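Written below as structure tokens is the structure these notes are about.
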Amino acid sequence: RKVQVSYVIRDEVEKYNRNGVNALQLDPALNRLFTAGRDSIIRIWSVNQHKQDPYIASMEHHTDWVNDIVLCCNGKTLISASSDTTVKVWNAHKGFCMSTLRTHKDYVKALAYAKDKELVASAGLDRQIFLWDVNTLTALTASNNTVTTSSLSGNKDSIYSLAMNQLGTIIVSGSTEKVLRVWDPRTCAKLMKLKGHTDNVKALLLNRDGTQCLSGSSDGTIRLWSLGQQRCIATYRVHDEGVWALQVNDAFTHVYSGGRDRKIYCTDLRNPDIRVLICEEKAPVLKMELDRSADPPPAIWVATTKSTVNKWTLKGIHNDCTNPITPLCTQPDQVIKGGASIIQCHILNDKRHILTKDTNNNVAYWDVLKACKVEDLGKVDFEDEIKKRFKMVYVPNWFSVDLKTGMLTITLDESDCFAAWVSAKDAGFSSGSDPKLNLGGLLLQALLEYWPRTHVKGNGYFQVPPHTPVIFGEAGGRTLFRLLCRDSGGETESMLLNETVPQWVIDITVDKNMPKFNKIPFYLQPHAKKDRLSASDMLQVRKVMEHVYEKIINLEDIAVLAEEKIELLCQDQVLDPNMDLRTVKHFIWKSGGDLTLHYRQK
Amino acid sequence: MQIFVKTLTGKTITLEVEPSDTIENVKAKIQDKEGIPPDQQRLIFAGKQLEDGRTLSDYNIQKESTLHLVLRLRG
Amino acid sequence: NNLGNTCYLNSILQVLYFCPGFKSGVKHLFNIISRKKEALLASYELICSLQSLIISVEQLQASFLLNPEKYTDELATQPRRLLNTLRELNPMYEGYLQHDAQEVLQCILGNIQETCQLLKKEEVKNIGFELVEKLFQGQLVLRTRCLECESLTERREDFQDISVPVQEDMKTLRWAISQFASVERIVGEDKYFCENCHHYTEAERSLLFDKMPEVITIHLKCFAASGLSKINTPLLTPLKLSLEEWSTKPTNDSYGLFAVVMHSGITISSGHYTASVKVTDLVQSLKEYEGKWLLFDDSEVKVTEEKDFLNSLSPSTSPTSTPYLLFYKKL
Ligand SMILES: COc1ncnc(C2CC2)c1-c1ncc2cnn(Cc3ccc(-c4nc(C(F)(F)F)cn4C(C)C)cc3)c2n1
Ligand SMILES: *NC[C@H](*)CS(C)(=O)=O
Ligand SMILES: [Zn+2]
């Protein structure tokens, strides 16, 4: 549809999670935790106690939230599903993306795995379920090889959960349709339509034989299903609010449940009156992953809406109460540190700087045009710091800011990217002239200055950081291409830029032609010879003073006589000689219609 | 700011707008989504019809406010 | 009378004449404006114009009841003077054009409400001012539930009318109120931006009634984009409406249909408006019309039975005059 250019202001190494964690996996052979964050980054962590720093690597090729991750082929391969509509294949040992599947139309929320078939399913908000053979998904690129699509059809509403049997014989979908759907993935056939949930279903589990499903809904219920009888066989009410995370032991007898109420229970499925409270978490539980290194699970990893991931020890799960209120463990055994998310952004009147407030209550100052932090202001008041940095200037808006990833993302569209003309002096650049600059143009030329097609190199005024990711997406969250600013010189990146860069970027960046000037009309009337005028939006009031002094009073330096002889009024306010007509029309002109100016003699 | 508009079939759509947006710009964004010309459109908020030539701030339209889209039935 | 293009105003004036308290509230406001004028504006001409219309109507009703051999020219009964006051308040009513009856109802009720607020501010500078606010004004609760974080958000917004769909993208009026008020999932291009998630997510959205007026007006969307098309098929209209399903609190209040405004025409650009009204309450023959229905043509009043009126309204027969405004009254 319409391609937008975006980029992310970040450090070269985002070592800590910058937002909540949606998905967890373990590699028990490597003692290695994977954390798929809302910051669009999948991190690899060591879980050995002797390691002081758990960080191992960062896997960064998404452009929105990573909703689910699956570890496959003995921990060699990772599959990632994102709100960028992509499913990605990675090398888990090395940490790089080696394929991207674009067959979805909306956010991909759930993955499923069948260990004994190497079969992965992907589902999303587009009501589609795709089945993939993982040995087939291990192809380098579409040019080396491209693959077909197996689809399960029959879902009537958005899919928030998949579950697949370990033997790849049953797949189950949970959706806002409130009914679980069951297929055989081998034949793509329907089997069942389980009914009894009253809201969305975000957690699904199956046992190894596919005979029993365990499901957790946002209605606060856990239902055990008998897939041999097409019915619910038990219901458990142990959460005050929606159940979002489930885990089960290998015997399929104990269920670890967590959700919006910030509690984790272990319920016996055979005797659901005996439950234990493991812990009381600080934020809603998004995902849990059991430690499976022993017969009774010795630990549980808990991902939340907060940037920290905790390990809770399960030792001492046997007391006697049916609903004990004393948690077994009141401190985590292991804590993966998180960073701070940006939660407010405020674009200043120059349309070049942002003030941001984070979760830690720290205010930061950013330059969009250079894509960098200027200073960290500490824990200053945000609305007072906005007031201190008020400037009497108007620049048309020319970018959007998104905080989805907990870090600044700046977006440019054809509609408004080019609407910001500014003097070199006003933009803090100089040479011995005052040339007129377009901010969206200079930024597009800096963002892809490493493209061989753009050399004659860069805008000649500023460079963005070489690590700055550049994204070409569509309005709606569908990403077409992502690269780093420095990677545009490679053969594959240069071909994907020839196939992806929109013409509205090519005209300014490659053809090096310059955007339309905006002009505002105004009336120049004597303050108590009339004509309607048009001039550049940026024309200083000093050149309107000159025009009046030379066209109405044509009877030493001429510009000094012009400024000291004529005054300009608008809404009975005397205009600043240096104000641009934009800033006059935006602040000093509260009346409706075309801008009117009045004049008199000193 | 995001606002909802209830269309002719009762279906809700979302518009992204600014408090300084005029009613004519909101009717242009409703033309871009629902394909109805602005001269045939009629917006109602809080039981008052929105008049062309005013801004969304004049009506107290916030984030998550609902507009009802209707047409003239000439008689 | 008609006197050219005014059938849209006539239908609204006829339904407002039989509204529970409208005729007494307009008399209270007109007596205040008359006491203002004796002690010493364009908005006050609307209330003077309405009082003069209402007095003309009681003089016709009396004259028909006791002296049929009078008012042979129908006394020249004129909305045209009220229409001139609405030109001074709103430029759209200029010439002999055609207009929406709901847009005229909004203009009259808004200008009466502005007059009520002006008289209230004048009196406070040195109880019956809430005429429109008691009769036609209600309050909704618009809940939004983000499916990612399960946070509720409420907005509390006023309503004068309930605008409902007539067809999907036969039906009953309960289905149209369910499409207006019941839980809608916003998904795909129209995702909710959730300030707790900092993200575009699916959301459930529900509208519930919190304060109900004495008169519920349903504005039927008898029109769809195919270049615009009038939907000629009605939906089934109940005589009794209960709104407990979409209510914030349970209430054993029932609402009863007492007026309809119909539009006869195959296009949205032209047609004839008609009103029909139940006579519940206001010389022996006056009480005999109770329970029946009055149908207003351009200058004819036809008395019709409730059964025959509802048979003619039902989609089982070709209606030829599509319902457009339904008025339900508190019992
Ligand atoms: C601009 O016109 C209007 N503006 C506001 N309101 C009204 C009408 C008052 C709604 C009109 C309006 N339009 C058209 C006409 C035509 N003739 N007349 C006078 C008239 C009105 C009511 C009756 C009448 N009343 C009753 C009973 F219900 F009380 F029993 C029985 N009958 C009948 C069945 C004998 C008798 C005569 C009209 N008046
Ligand atoms: N649409 C105006 C009413 C029709 S008429 C014939 O009464 O003017
Ligand atoms: Zn949310």
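As shown in the structure tokens, the chain order sets the letters A, B, ...; within each chain, residues go from 1, and ligands are also counted from 1 in the order they appear.
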
Quiz item: Neighbours of range 32-45 of chain B within 9 Å (only C-alpha atoms; same-chain residues fewer than 2 positions away dropped), as number ranges by chain?
Solution: B: 5, 7, 13, 15, 23-24, 26-30, 47-51, 59, 61, 65-72; C: 157-159, 225, 227-228

Self-check item: Within 8 Å of ligand 3 (only C-alpha atoms and all ligand atoms), residues as a list in words
Solution: residues 145, 146, 147, 148, 149, 150, 151, 193, 194, 195, 196, 197, 198, 199, 200 and 201 of chain C

Quiz item: Any idea what the distance is between CA of residue 584 in chain A and CA of residue 435 in chain A?
Solution: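 Pair CA of residue 584 in chain A / CA of residue 435 in chain A returns 21.6 Å.
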
Give the residue list for ligand 1 at 7 Å, counting only C-alpha atoms and all ligand atoms, as a PDB file with N, CA, C and O atoms, in the first residue's frame, sorted by chain and then by residue number.
ATOM      1  N   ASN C   1     -51.663  22.558   7.151  1.00  0.00           N
ATOM      2  CA  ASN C   1     -51.135  23.154   5.901  1.00  0.00           C
ATOM      3  C   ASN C   1     -49.734  22.645   5.646  1.00  0.00           C
ATOM      4  O   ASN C   1     -48.990  22.492   6.609  1.00  0.00           O
ATOM      5  N   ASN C  10     -42.911  19.740   9.638  1.00  0.00           N
ATOM      6  CA  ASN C  10     -44.275  19.365  10.058  1.00  0.00           C
ATOM      7  C   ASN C  10     -44.318  18.059  10.849  1.00  0.00           C
ATOM      8  O   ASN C  10     -44.829  18.035  11.968  1.00  0.00           O
ATOM      9  N   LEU C  13     -42.832  18.733  14.312  1.00  0.00           N
ATOM     10  CA  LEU C  13     -43.745  19.532  15.131  1.00  0.00           C
ATOM     11  C   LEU C  13     -44.941  18.710  15.629  1.00  0.00           C
ATOM     12  O   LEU C  13     -45.292  18.805  16.805  1.00  0.00           O
ATOM     13  N   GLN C  14     -45.466  17.812  14.792  1.00  0.00           N
ATOM     14  CA  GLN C  14     -46.570  16.925  15.153  1.00  0.00           C
ATOM     15  C   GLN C  14     -46.175  15.915  16.246  1.00  0.00           C
ATOM     16  O   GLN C  14     -46.887  15.787  17.240  1.00  0.00           O
ATOM     17  N   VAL C  15     -44.985  15.301  16.166  1.00  0.00           N
ATOM     18  CA  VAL C  15     -44.503  14.383  17.225  1.00  0.00           C
ATOM     19  C   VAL C  15     -44.137  15.110  18.529  1.00  0.00           C
ATOM     20  O   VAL C  15     -44.400  14.586  19.614  1.00  0.00           O
ATOM     21  N   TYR C  17     -45.655  17.898  19.613  1.00  0.00           N
ATOM     22  CA  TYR C  17     -46.936  18.285  20.198  1.00  0.00           C
ATOM     23  C   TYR C  17     -47.497  17.231  21.174  1.00  0.00           C
ATOM     24  O   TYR C  17     -47.992  17.589  22.243  1.00  0.00           O
ATOM     25  N   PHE C  18     -47.283  15.943  20.877  1.00  0.00           N
ATOM     26  CA  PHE C  18     -47.729  14.803  21.696  1.00  0.00           C
ATOM     27  C   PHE C  18     -46.656  14.226  22.642  1.00  0.00           C
ATOM     28  O   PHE C  18     -46.902  13.233  23.332  1.00  0.00           O
ATOM     29  N   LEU C  53     -47.400  28.526  17.279  1.00  0.00           N
ATOM     30  CA  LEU C  53     -47.768  27.280  16.593  1.00  0.00           C
ATOM     31  C   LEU C  53     -48.652  26.360  17.452  1.00  0.00           C
ATOM     32  O   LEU C  53     -49.661  25.856  16.970  1.00  0.00           O
ATOM     33  N   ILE C  54     -48.287  26.147  18.717  1.00  0.00           N
ATOM     34  CA  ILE C  54     -49.027  25.279  19.643  1.00  0.00           C
ATOM     35  C   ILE C  54     -50.443  25.829  19.908  1.00  0.00           C
ATOM     36  O   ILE C  54     -51.407  25.093  19.705  1.00  0.00           O
ATOM     37  N   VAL C  57     -52.628  25.155  16.939  1.00  0.00           N
ATOM     38  CA  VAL C  57     -53.057  23.749  17.012  1.00  0.00           C
ATOM     39  C   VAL C  57     -54.190  23.481  18.022  1.00  0.00           C
ATOM     40  O   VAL C  57     -55.156  22.822  17.637  1.00  0.00           O
ATOM     41  N   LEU C  60     -57.398  24.731  16.416  1.00  0.00           N
ATOM     42  CA  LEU C  60     -57.909  23.766  15.425  1.00  0.00           C
ATOM     43  C   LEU C  60     -58.590  22.579  16.102  1.00  0.00           C
ATOM     44  O   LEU C  60     -59.694  22.219  15.703  1.00  0.00           O
ATOM     45  N   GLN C  61     -57.949  21.967  17.104  1.00  0.00           N
ATOM     46  CA  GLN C  61     -58.510  20.796  17.785  1.00  0.00           C
ATOM     47  C   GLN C  61     -59.854  21.126  18.433  1.00  0.00           C
ATOM     48  O   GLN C  61     -60.836  20.439  18.170  1.00  0.00           O
ATOM     49  N   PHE C  64     -62.492  21.801  15.394  1.00  0.00           N
ATOM     50  CA  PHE C  64     -62.980  20.512  14.879  1.00  0.00           C
ATOM     51  C   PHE C  64     -63.962  19.809  15.841  1.00  0.00           C
ATOM     52  O   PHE C  64     -64.961  19.244  15.401  1.00  0.00           O
ATOM     53  N   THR C  77     -52.655  27.863   9.001  1.00  0.00           N
ATOM     54  CA  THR C  77     -51.667  27.394  10.002  1.00  0.00           C
ATOM     55  C   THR C  77     -50.246  27.355   9.414  1.00  0.00           C
ATOM     56  O   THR C  77     -50.019  26.742   8.372  1.00  0.00           O
ATOM     57  N   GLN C  78     -49.275  28.095   9.976  1.00  0.00           N
ATOM     58  CA  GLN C  78     -47.963  28.320   9.328  1.00  0.00           C
ATOM     59  C   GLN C  78     -46.753  27.938  10.209  1.00  0.00           C
ATOM     60  O   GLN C  78     -46.265  28.776  10.976  1.00  0.00           O
ATOM     61  N   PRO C  79     -46.009  26.892   9.809  1.00  0.00           N
ATOM     62  CA  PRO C  79     -44.631  26.676  10.238  1.00  0.00           C
ATOM     63  C   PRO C  79     -43.644  27.624   9.555  1.00  0.00           C
ATOM     64  O   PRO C  79     -42.542  27.791  10.059  1.00  0.00           O
ATOM     65  N   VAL C 279     -52.382   8.657  20.347  1.00  0.00           N
ATOM     66  CA  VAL C 279     -53.019   9.516  21.349  1.00  0.00           C
ATOM     67  C   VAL C 279     -53.268   8.730  22.648  1.00  0.00           C
ATOM     68  O   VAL C 279     -54.056   7.792  22.695  1.00  0.00           O
ATOM     69  N   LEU C 282     -54.644  13.912  26.159  1.00  0.00           N
ATOM     70  CA  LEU C 282     -54.766  15.250  25.587  1.00  0.00           C
ATOM     71  C   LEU C 282     -53.381  15.915  25.514  1.00  0.00           C
ATOM     72  O   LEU C 282     -53.164  16.907  24.811  1.00  0.00           O
ATOM     73  N   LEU C 286     -63.265  13.683  21.984  1.00  0.00           N
ATOM     74  CA  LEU C 286     -61.815  13.779  22.164  1.00  0.00           C
ATOM     75  C   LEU C 286     -61.219  12.550  22.853  1.00  0.00           C
ATOM     76  O   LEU C 286     -60.115  12.137  22.518  1.00  0.00           O
ATOM     77  N   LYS C 287     -61.919  12.034  23.874  1.00  0.00           N
ATOM     78  CA  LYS C 287     -61.470  10.862  24.634  1.00  0.00           C
ATOM     79  C   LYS C 287     -61.675   9.567  23.837  1.00  0.00           C
ATOM     80  O   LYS C 287     -60.865   8.665  23.972  1.00  0.00           O
ATOM     81  N   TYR C 289     -60.934   9.003  20.721  1.00  0.00           N
ATOM     82  CA  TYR C 289     -59.750   8.739  19.909  1.00  0.00           C
ATOM     83  C   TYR C 289     -58.617   8.038  20.677  1.00  0.00           C
ATOM     84  O   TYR C 289     -57.689   7.565  20.025  1.00  0.00           O
ATOM     85  N   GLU C 290     -58.649   7.977  22.016  1.00  0.00           N
ATOM     86  CA  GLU C 290     -57.605   7.332  22.831  1.00  0.00           C
ATOM     87  C   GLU C 290     -57.315   5.875  22.415  1.00  0.00           C
ATOM     88  O   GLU C 290     -58.136   5.176  21.823  1.00  0.00           O
ATOM     89  N   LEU C 294     -53.086   8.671  14.966  1.00  0.00           N
ATOM     90  CA  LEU C 294     -53.267   9.751  14.004  1.00  0.00           C
ATOM     91  C   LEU C 294     -52.164   9.638  12.956  1.00  0.00           C
ATOM     92  O   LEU C 294     -50.991   9.571  13.318  1.00  0.00           O
ATOM     93  N   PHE C 296     -50.649  11.928   9.842  1.00  0.00           N
ATOM     94  CA  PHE C 296     -50.615  13.272   9.258  1.00  0.00           C
ATOM     95  C   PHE C 296     -50.059  13.241   7.835  1.00  0.00           C
ATOM     96  O   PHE C 296     -48.839  13.144   7.670  1.00  0.00           O
ATOM     97  N   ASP C 298     -49.995  15.977   4.331  1.00  0.00           N
ATOM     98  CA  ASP C 298     -49.647  17.400   4.167  1.00  0.00           C
ATOM     99  C   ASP C 298     -50.603  18.387   4.886  1.00  0.00           C
ATOM    100  O   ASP C 298     -50.180  19.442   5.388  1.00  0.00           O
ATOM    101  N   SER C 299     -51.890  18.049   4.954  1.00  0.00           N
ATOM    102  CA  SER C 299     -52.923  18.779   5.691  1.00  0.00           C
ATOM    103  C   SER C 299     -54.111  17.907   6.138  1.00  0.00           C
ATOM    104  O   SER C 299     -54.949  18.411   6.886  1.00  0.00           O
ATOM    105  N   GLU C 300     -54.111  16.594   5.864  1.00  0.00           N
ATOM    106  CA  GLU C 300     -55.125  15.643   6.363  1.00  0.00           C
ATOM    107  C   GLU C 300     -54.663  14.963   7.668  1.00  0.00           C
ATOM    108  O   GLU C 300     -53.551  14.438   7.749  1.00  0.00           O
ATOM    109  N   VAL C 301     -55.567  14.857   8.656  1.00  0.00           N
ATOM    110  CA  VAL C 301     -55.403  13.970   9.823  1.00  0.00           C
ATOM    111  C   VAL C 301     -56.329  12.766   9.688  1.00  0.00           C
ATOM    112  O   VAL C 301     -57.542  12.886   9.873  1.00  0.00           O
ATOM    113  N   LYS C 302     -55.760  11.575   9.495  1.00  0.00           N
ATOM    114  CA  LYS C 302     -56.517  10.321   9.415  1.00  0.00           C
ATOM    115  C   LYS C 302     -56.380   9.528  10.708  1.00  0.00           C
ATOM    116  O   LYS C 302     -55.272   9.218  11.139  1.00  0.00           O
ATOM    117  N   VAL C 303     -57.509   9.180  11.324  1.00  0.00           N
ATOM    118  CA  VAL C 303     -57.543   8.273  12.479  1.00  0.00           C
ATOM    119  C   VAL C 303     -57.470   6.829  11.991  1.00  0.00           C
ATOM    120  O   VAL C 303     -58.223   6.432  11.104  1.00  0.00           O
TER     121      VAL C 303
END

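If you look at CA of residue 249 in chain A and CA of residue 109 in chain A, they are 24.0 Å away from each other.
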